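Here's the structure we're looking at; comments come further down.
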Amino acid sequence: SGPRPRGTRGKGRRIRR
RNA sequence: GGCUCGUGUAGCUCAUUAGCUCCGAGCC
């Protein structure tokens, strides 16, 4: 998690599914 | 790692509604 959640899994695999 | 899929028991960035790495899927 960051200053929002996670954005992604690091090769475009974008998070909040 | 090169790339693609899966919030998941998760971390690290500073994003930009995100990003990169895990923890698995599949093949280098």
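By convention here, the chains of the structure tokens are called A, B, ... in the order presented, each chain's residues are numbered starting at 1, and ligands are numbered starting at 1 in the order presented.
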> Counting only C-alpha atoms (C1' of nucleotides), what is within 10 Å of range 12-24 of chain B, bar same-chain residues fewer than 2 positions away, as a PyMOL selection string?
Replying inline: (chain A and resi 1-12+14-15) or (chain B and resi 6+8-10)
